[PDB]
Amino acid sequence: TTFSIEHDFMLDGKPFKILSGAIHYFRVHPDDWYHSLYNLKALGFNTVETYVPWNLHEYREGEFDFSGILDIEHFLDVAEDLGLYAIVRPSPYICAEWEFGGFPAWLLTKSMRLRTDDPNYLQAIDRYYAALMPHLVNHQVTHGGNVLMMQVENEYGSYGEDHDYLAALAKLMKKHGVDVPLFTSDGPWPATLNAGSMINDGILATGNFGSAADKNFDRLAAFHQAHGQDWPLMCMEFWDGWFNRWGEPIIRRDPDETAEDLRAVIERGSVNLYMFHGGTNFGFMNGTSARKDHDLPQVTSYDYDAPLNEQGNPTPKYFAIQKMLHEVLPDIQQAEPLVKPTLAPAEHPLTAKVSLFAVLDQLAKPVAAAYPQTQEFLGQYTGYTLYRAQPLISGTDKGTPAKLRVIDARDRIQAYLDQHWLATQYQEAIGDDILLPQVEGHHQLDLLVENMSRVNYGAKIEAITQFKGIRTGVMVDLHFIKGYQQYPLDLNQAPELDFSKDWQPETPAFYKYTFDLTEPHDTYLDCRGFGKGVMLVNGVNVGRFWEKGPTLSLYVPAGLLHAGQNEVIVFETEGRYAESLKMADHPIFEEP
């Protein structure tokens, strides 16, 4: 296969229209890759597109992983065998409604200005690319594979205008053997395109939008023409749905209107559906939005109201788009989409339960320090961090109870004295006075701090709030306390816990539901009756839950289950839990 960019995309010397769909391999169990890709082919599309998440492939510095759900080579193979081409977007920053926009948390511990011409930043990318690009180079069409082109950065005109950065990053990609055509994507209007594109370097600029295709392509064309380029018009992200956030209602886009809006793109050029199949933000990898200085975390589900639902099954939107495509491009071969079944509903009794405080040393090796550090400096890049102190409590000026204040912490703190709950503070409320029990002497202060994920877009990508944990300290009366034990909790140790140890009410705890399955199928965990936390299925954290809503369940793919004895462990922080774990055949929702 040959691929180059002229007036049209030229594939094997012939004008080509790219019909792409976004599937993030890292958001879908590898057992279901074939399924989703097949359904992309069945729609009538010729290409699949995916980001590459730096913060999963190099979760810890120097510890690379390209196995299982991170095996991008196998992903691209399955696509090729189904006769799909591919677009890869291996930017250090991917946005993607994803923890820190894809940046590894350990970058925060370095002296480094992200998304700029910073030598330490570019070097770290160089070292990342040394591990990644061997898994991509030979998948290029130039090496007999199916990868047509690769993106430089991601919507950089929506963050900066450092052109030396873009040029340096492109050079890095080429140095690691990327010889396929390169491109940028941006909002299709002058300010973003001027700042974000590499048009003066002869590199194709594309546009991201979800409507008004004529308006947007007109501006994109105008930009091309102003730089004397004769290029194809491609919507590199056609937002055919939207993401959801905790406490905000679900956003639903009419299937047929979506098709109509997509029609106008296809008439005038190429397109990539964002998303085609969205899948799931497993573990702690959800992203976070920011309005001014206020953060708004995104939910576990990345359904995205996409053509395929979270599970991977076809929606009315899929069929409306399939119908529309056959009207506009009748020669494209189509097929019926595959549909996966769901487990029959069931309820499983509580097997055992144990409090966090009882099993602390199975979860983490404590780091002693005079004063506290954020989790990144403890070598923890996601999840929960417990800070323990033994503060002296003593009489106050006015005789009233001594005030506890947490100074400079994110995102959510729970405070305990002698393992009894005092207060819960979220974001801006952190720093408000917490009245201590009127007691005497030294007492055990516990602060469980949750990282609810780092902002993935906009001004706050490098905000001081991107550091998670306690940054400054904790005050009793008028003084900062000294002497902490810092527990970076690894909840992936949850299956090794000794549940025969004690449980206490109104306390973070683990709850085990052990149960037998005759045959594994896709299913939904009902999270109603639990307060807040995460759930692990056979040792794998499938994501967060919160009574706040609107999502009140967790998708669990069949691949995480097996015939025989299965195990779900719930980590729950509010003290609200269910006597039986219910599994349902549909996703549960509530109005927030």
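Don't overthink the numbering: it's just position in the shown sequence, from 1.
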Stretch with the higher entry mean CA B-factor, where the candidates are 255-263 and 231-239: 255-263
267-275 versus 472-480 - greater average Cα B-factor per the deposited record: 267-275
Looking at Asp411, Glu99, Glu153, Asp81, which has the highest CA B-factor as recorded? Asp81
Which one of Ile430, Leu489, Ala320, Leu448 shows the top CA temperature factor in the record? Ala320
Lowest, middle or highest third: where is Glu376 by C-alpha B factor in its chain? lowest
Within-chain third of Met583 by Cα B-factor, per the entry: highest
By the entry's values, the third containing the CA B factor of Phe16 is the highest
Grab the CA temperature factor for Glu567 from the record and place it in the lowest, middle or highest third of its chain. highest
Based on the entry's values, in what third of the chain does the Cα temperature factor of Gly559 lie: lowest, middle or highest? highest
